[PDB]
Amino acid sequence: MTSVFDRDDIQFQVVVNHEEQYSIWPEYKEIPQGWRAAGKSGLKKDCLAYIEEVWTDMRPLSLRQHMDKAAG
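Just so it is clear: in the sequence shown, position 32 is 32 by the authors' numbering, and no numbers are missing.
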(Lines of atoms letter the chains of each structure in order from A and count residues from 1; the text may use other names and numbers.)
(Lines give C-alpha, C1' and ligand atoms only; values in the text may rest on other atoms or scores of the structure.)
Protein backbone atom coordinates (compact mmCIF):
# COMPACT_ATOMS: atom_id res chain seq x y z
CA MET A 1 0.00 0.00 0.00
CA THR A 2 1.03 3.60 -0.54
CA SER A 3 1.09 6.24 2.22
CA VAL A 4 0.24 9.21 -0.02
CA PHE A 5 -3.41 9.14 1.04
CA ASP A 6 -5.84 10.70 -1.42
CA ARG A 7 -7.38 13.84 0.04
CA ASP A 8 -7.95 16.05 -2.99
CA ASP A 9 -10.22 18.55 -1.30
CA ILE A 10 -9.58 22.06 -2.55
CA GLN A 11 -11.17 24.51 -0.14
CA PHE A 12 -12.35 28.01 -0.79
CA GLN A 13 -13.87 30.82 1.21
CA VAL A 14 -16.39 33.61 0.63
CA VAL A 15 -14.95 37.08 0.55
CA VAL A 16 -16.74 40.40 0.80
CA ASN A 17 -15.49 43.69 -0.62
CA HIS A 18 -16.04 47.17 0.84
CA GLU A 19 -18.80 47.40 -1.81
CA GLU A 20 -20.42 44.46 0.04
CA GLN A 21 -20.16 42.23 -3.01
CA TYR A 22 -19.76 38.51 -2.48
CA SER A 23 -16.97 36.62 -4.24
CA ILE A 24 -15.02 33.38 -3.78
CA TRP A 25 -11.37 32.94 -2.91
CA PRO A 26 -9.18 29.79 -2.47
CA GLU A 27 -8.30 28.92 1.15
CA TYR A 28 -4.64 28.54 0.21
CA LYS A 29 -4.30 32.10 -1.10
CA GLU A 30 -3.91 35.35 0.81
CA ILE A 31 -6.84 37.74 0.41
CA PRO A 32 -6.20 41.04 -1.41
CA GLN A 33 -6.18 44.02 0.94
CA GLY A 34 -9.66 45.50 0.93
CA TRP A 35 -11.59 42.27 1.21
CA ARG A 36 -12.37 40.01 4.16
CA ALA A 37 -13.60 36.46 4.65
CA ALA A 38 -17.27 35.94 5.38
CA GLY A 39 -19.93 33.25 5.48
CA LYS A 40 -18.55 29.73 5.30
CA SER A 41 -15.32 28.21 4.02
CA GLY A 42 -15.33 24.85 2.28
CA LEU A 43 -15.83 23.38 -1.18
CA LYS A 44 -16.69 25.44 -4.25
CA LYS A 45 -20.27 24.14 -4.20
CA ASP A 46 -20.53 25.44 -0.63
CA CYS A 47 -19.40 28.82 -1.82
CA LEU A 48 -21.73 28.79 -4.84
CA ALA A 49 -24.72 27.87 -2.68
CA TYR A 50 -23.82 30.53 -0.14
CA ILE A 51 -23.61 33.42 -2.61
CA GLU A 52 -26.95 32.40 -4.07
CA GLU A 53 -28.70 32.75 -0.69
CA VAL A 54 -26.70 34.90 -0.04
CA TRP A 55 -27.80 34.87 3.49
CA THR A 56 -30.92 32.88 4.12
CA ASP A 57 -33.52 32.70 6.88
CA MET A 58 -36.87 32.42 5.13
CA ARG A 59 -35.99 30.40 2.07
CA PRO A 60 -32.81 29.08 0.42
CA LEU A 61 -33.31 30.45 -3.11
CA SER A 62 -30.37 28.26 -4.13
CA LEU A 63 -33.31 25.94 -4.84
CA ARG A 64 -33.45 27.62 -8.26
CA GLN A 65 -30.05 26.06 -8.95
CA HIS A 66 -31.73 22.70 -8.49
CA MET A 67 -33.34 23.49 -11.82
CA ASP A 68 -29.85 23.75 -13.24
CA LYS A 69 -28.27 20.69 -11.64
CA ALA A 70 -27.65 20.50 -7.88
CA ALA A 71 -27.03 24.08 -6.64
CA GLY A 72 -23.33 23.59 -7.18
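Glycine included, each C-beta is placed from N, C-alpha and C at the ideal position.
Proximity of residue i and residue j at Cβ, strictly below 8 angstroms
| i | j | result |
| --- | --- | --- |
| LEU43 | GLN11 | yes |
| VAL15 | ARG36 | yes |
| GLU52 | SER62 | yes |
| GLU27 | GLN13 | yes |
Span separating the alpha-carbon of residue i from that of residue j
| i | j | result |
| --- | --- | --- |
| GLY34 | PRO60 | 28 angstroms |
| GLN65 | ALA71 | 4 angstroms |
| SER23 | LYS69 | 21 angstroms |
| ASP57 | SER3 | 44 angstroms |
| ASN17 | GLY39 | 13 angstroms |
DSSP three-state assignment for residue i, whether helix, strand or coil
| i | result |
| --- | --- |
| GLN21 | coil |
| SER62 | helix |
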